[PDB]
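S.K.: Next up, input-v4.tsv (TSV, C-alpha atoms).
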chain	number	residue	atom	x	y	z
A	393	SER	CA	37.77	6.21	10.99
A	394	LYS	CA	38.31	2.61	9.87
A	395	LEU	CA	35.37	1.56	12.06
A	396	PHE	CA	33.26	4.34	10.54
A	397	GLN	CA	34.19	3.17	7.04
A	398	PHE	CA	33.17	-0.37	8.00
A	399	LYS	CA	29.86	0.94	9.36
A	400	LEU	CA	29.32	2.91	6.15
A	401	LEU	CA	29.96	-0.22	4.08
A	402	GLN	CA	27.47	-2.14	6.23
A	403	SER	CA	24.92	0.65	5.82
A	404	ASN	CA	25.44	0.60	2.05
A	405	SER	CA	24.89	-3.16	2.00
A	406	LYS	CA	21.72	-2.75	4.07
A	407	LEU	CA	20.51	-0.01	1.72
A	408	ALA	CA	21.15	-2.26	-1.29
A	409	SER	CA	19.19	-5.07	0.39
A	410	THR	CA	16.32	-2.67	1.15
A	411	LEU	CA	16.36	-1.46	-2.47
A	412	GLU	CA	16.19	-5.05	-3.72
A	413	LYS	CA	13.28	-5.72	-1.35
A	414	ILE	CA	11.50	-2.58	-2.58
A	415	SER	CA	12.06	-3.66	-6.19
A	416	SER	CA	10.58	-7.09	-5.47
A	417	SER	CA	7.61	-5.42	-3.76
A	418	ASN	CA	7.12	-3.14	-6.78
A	419	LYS	CA	7.24	-6.16	-9.10
A	420	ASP	CA	4.61	-7.90	-6.95
A	421	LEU	CA	2.47	-4.75	-7.06
A	422	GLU	CA	2.79	-4.62	-10.85
A	423	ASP	CA	1.75	-8.28	-11.06
A	424	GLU	CA	-1.25	-7.52	-8.85
A	425	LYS	CA	-2.16	-4.57	-11.09
A	426	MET	CA	-1.96	-6.82	-14.16
A	427	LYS	CA	-4.20	-9.34	-12.40
A	428	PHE	CA	-6.66	-6.55	-11.59
A	429	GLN	CA	-6.64	-5.45	-15.24
A	430	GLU	CA	-7.35	-9.04	-16.30
A	431	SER	CA	-10.20	-9.15	-13.78
A	432	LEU	CA	-11.59	-5.91	-15.21
A	433	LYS	CA	-11.42	-7.39	-18.72
A	434	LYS	CA	-13.27	-10.47	-17.43
A	435	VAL	CA	-15.88	-8.18	-15.85
A	436	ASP	CA	-16.32	-6.41	-19.20
A	437	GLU	CA	-16.77	-9.79	-20.89
A	438	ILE	CA	-19.35	-10.70	-18.24
A	439	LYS	CA	-21.16	-7.41	-18.91
A	440	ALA	CA	-21.23	-8.25	-22.63
A	441	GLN	CA	-22.62	-11.68	-21.73
B	1077	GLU	CA	-15.92	-11.71	-10.06
B	1078	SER	CA	-16.62	-8.07	-9.16
B	1079	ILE	CA	-16.28	-8.88	-5.45
B	1080	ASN	CA	-13.01	-10.68	-6.16
B	1081	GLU	CA	-11.79	-7.69	-8.17
B	1082	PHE	CA	-12.65	-5.35	-5.29
B	1083	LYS	CA	-10.78	-7.62	-2.86
B	1084	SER	CA	-7.80	-7.70	-5.24
B	1085	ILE	CA	-7.87	-3.90	-5.50
B	1086	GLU	CA	-7.86	-3.64	-1.70
B	1087	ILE	CA	-4.95	-6.11	-1.49
B	1088	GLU	CA	-3.10	-4.10	-4.15
B	1089	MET	CA	-3.67	-0.89	-2.18
B	1090	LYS	CA	-2.31	-2.57	0.96
B	1091	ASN	CA	0.71	-3.85	-0.98
B	1092	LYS	CA	1.30	-0.38	-2.44
B	1093	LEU	CA	1.20	1.13	1.05
B	1094	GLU	CA	3.69	-1.50	2.25
B	1095	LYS	CA	5.93	-0.81	-0.76
B	1096	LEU	CA	5.77	2.94	-0.09
B	1097	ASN	CA	6.77	2.34	3.53
B	1098	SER	CA	9.66	0.13	2.39
B	1099	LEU	CA	10.75	2.76	-0.13
B	1100	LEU	CA	10.67	5.46	2.56
B	1101	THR	CA	12.78	3.23	4.82
B	1102	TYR	CA	15.26	2.61	1.99
B	1103	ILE	CA	15.45	6.34	1.23
B	1104	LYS	CA	16.11	7.06	4.91
B	1105	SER	CA	18.83	4.40	4.99
B	1106	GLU	CA	20.41	5.87	1.85
B	1107	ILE	CA	20.30	9.41	3.25
B	1108	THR	CA	21.91	8.12	6.46
B	1109	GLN	CA	24.97	7.17	4.35
B	1110	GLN	CA	26.12	10.79	3.97
B	1111	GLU	CA	28.89	10.17	6.53
B	1112	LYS	CA	30.57	7.70	4.16
B	1113	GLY	CA	32.51	10.54	2.52
B	1114	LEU	CA	34.55	11.19	5.67
C	885	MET	CA	-44.19	-8.77	-8.43
C	886	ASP	CA	-42.86	-5.51	-9.85
C	887	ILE	CA	-42.74	-3.92	-6.40
C	888	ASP	CA	-40.84	-6.92	-5.04
C	889	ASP	CA	-38.28	-6.71	-7.83
C	890	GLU	CA	-37.86	-2.97	-7.24
C	891	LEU	CA	-37.28	-3.56	-3.53
C	892	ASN	CA	-34.66	-6.21	-4.28
C	893	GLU	CA	-32.89	-3.84	-6.68
C	894	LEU	CA	-32.80	-1.13	-4.02
C	895	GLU	CA	-31.40	-3.57	-1.47
C	896	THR	CA	-28.72	-4.63	-3.96
C	897	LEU	CA	-27.65	-1.02	-4.44
C	898	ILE	CA	-27.55	-0.53	-0.67
C	899	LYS	CA	-25.32	-3.59	-0.36
C	900	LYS	CA	-22.92	-2.15	-2.93
C	901	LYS	CA	-22.83	1.12	-1.00
C	902	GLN	CA	-21.98	-0.77	2.18
C	903	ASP	CA	-19.15	-2.51	0.34
C	904	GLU	CA	-17.79	0.88	-0.73
C	905	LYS	CA	-17.96	2.06	2.89
C	906	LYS	CA	-15.99	-1.03	3.92
C	907	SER	CA	-13.26	-0.06	1.46
C	908	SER	CA	-13.27	3.47	2.88
C	909	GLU	CA	-12.95	1.93	6.35
C	910	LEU	CA	-9.66	0.39	5.22
C	911	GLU	CA	-8.45	3.81	4.10
C	912	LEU	CA	-9.92	5.26	7.30
C	913	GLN	CA	-7.27	3.22	9.11
C	914	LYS	CA	-4.47	2.97	6.55
C	915	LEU	CA	-3.38	6.61	6.36
C	916	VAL	CA	-4.40	6.89	10.02
C	917	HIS	CA	-1.98	4.06	10.83
C	918	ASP	CA	0.73	6.50	9.74
C	919	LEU	CA	-1.01	9.83	10.39
C	920	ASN	CA	-1.08	9.73	14.20
C	921	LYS	CA	2.23	7.86	13.96
C	922	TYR	CA	3.64	10.88	12.11
C	923	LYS	CA	2.45	13.01	15.03
C	924	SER	CA	4.19	10.51	17.32
C	925	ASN	CA	7.34	11.18	15.30
C	926	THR	CA	6.78	14.89	15.94
C	927	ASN	CA	6.40	13.94	19.61
C	928	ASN	CA	9.90	12.47	19.39
C	929	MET	CA	11.01	15.82	17.97
C	930	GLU	CA	9.24	17.41	20.94
C	931	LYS	CA	11.51	15.28	23.13
C	932	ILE	CA	14.45	16.97	21.39
C	933	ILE	CA	12.80	20.28	22.32
Would you mind writing the structure in this file as structure tokens?
M.R.:
Amino acid sequence: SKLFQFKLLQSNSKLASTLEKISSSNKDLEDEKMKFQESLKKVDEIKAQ
Amino acid sequence: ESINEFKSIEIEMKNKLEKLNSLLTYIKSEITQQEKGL
Amino acid sequence: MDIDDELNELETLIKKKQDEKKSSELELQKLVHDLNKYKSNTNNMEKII
């Protein structure tokens, strides 16, 4: 049971690390979406030109 | 600029797929922690 | 001259269409990269059977 508790703590740490990685990936995706919106605004400016 | 925007949209779709895979893996790892109560 | 221009325009449109197809090609693999894999997962379940 002590070994199972240790394994559960390790699994919780791994899940926290995976959640942090997923949060960083979501932040990168949001930055990419903002860059795409800026590119769309530049395309609209080019259409006006 | 339009070609670059299309490439950026494709890269964003790939990154979103990777993030969805990572989120599914994290959800599986969190669901695998049900035995922590015992 | 007019005819030439028209032809060029058509070609341009065709090019754009091809580009779209290329994007679809990515999708044509992306979900597929998991889709059959999902079936493979079911195959693992079949092993349990």
S.K.: Give me the residues near region 397-412 of chain A as number ranges by chain, where near means some atom within 12 Å (using all atoms listed in the file) and where sequence neighbours in that chain fewer than 3 positions away do not count.
M.R.: A: 393-394, 415-419; B: 1095-1114
S.K.: Please compute the CA of residue 1081 (chain B)-CA of residue 430 (chain A) distance, one decimal, in Å.
M.R.: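 So the two atoms, CA of residue 1081 (chain B) and CA of residue 430 (chain A), lie 9.4 Å apart.
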S.K.: Using only C-alpha atoms, which chain B residues lie at most 9 Å away from chain C, written as a count of residues only?
M.R.: 4
S.K.: When you draw a straight line from CA of residue 433 (chain A) to CA of residue 1083 (chain B), how long is it in Å?
M.R.: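 Rounded to one decimal, the two atoms are 15.9 Å apart.
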S.K.: Quote the spacing between CA of residue 429 (chain A) and CA of residue 1091 (chain B) in Å to one decimal place.
M.R.: 16.1 Å
S.K.: Would you kindly return, as a PyMOL selection string, each protein, DNA or RNA residue with an atom no farther than 12 Å from any atom of residue 432 (chain A), considering all atoms listed in the file and excluding same-chain residues fewer than 2 positions away?
M.R.: (chain A and resi 425-430+434-439) or (chain B and resi 1077-1082+1084-1085)
S.K.: Next, the residues of the selection above should be written as a PDB file, in the coordinates of the input with C-alpha atoms.
M.R.:
ATOM      1  CA  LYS A 425      -2.160  -4.570 -11.090  1.00  0.00           C
ATOM      2  CA  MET A 426      -1.960  -6.820 -14.160  1.00  0.00           C
ATOM      3  CA  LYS A 427      -4.200  -9.340 -12.400  1.00  0.00           C
ATOM      4  CA  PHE A 428      -6.660  -6.550 -11.590  1.00  0.00           C
ATOM      5  CA  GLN A 429      -6.640  -5.450 -15.240  1.00  0.00           C
ATOM      6  CA  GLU A 430      -7.350  -9.040 -16.300  1.00  0.00           C
ATOM      7  CA  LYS A 434     -13.270 -10.470 -17.430  1.00  0.00           C
ATOM      8  CA  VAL A 435     -15.880  -8.180 -15.850  1.00  0.00           C
ATOM      9  CA  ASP A 436     -16.320  -6.410 -19.200  1.00  0.00           C
ATOM     10  CA  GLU A 437     -16.770  -9.790 -20.890  1.00  0.00           C
ATOM     11  CA  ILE A 438     -19.350 -10.700 -18.240  1.00  0.00           C
ATOM     12  CA  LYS A 439     -21.160  -7.410 -18.910  1.00  0.00           C
TER      13      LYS A 439
ATOM     14  CA  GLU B1077     -15.920 -11.710 -10.060  1.00  0.00           C
ATOM     15  CA  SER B1078     -16.620  -8.070  -9.160  1.00  0.00           C
ATOM     16  CA  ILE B1079     -16.280  -8.880  -5.450  1.00  0.00           C
ATOM     17  CA  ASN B1080     -13.010 -10.680  -6.160  1.00  0.00           C
ATOM     18  CA  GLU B1081     -11.790  -7.690  -8.170  1.00  0.00           C
ATOM     19  CA  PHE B1082     -12.650  -5.350  -5.290  1.00  0.00           C
ATOM     20  CA  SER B1084      -7.800  -7.700  -5.240  1.00  0.00           C
ATOM     21  CA  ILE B1085      -7.870  -3.900  -5.500  1.00  0.00           C
TER      22      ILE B1085
END
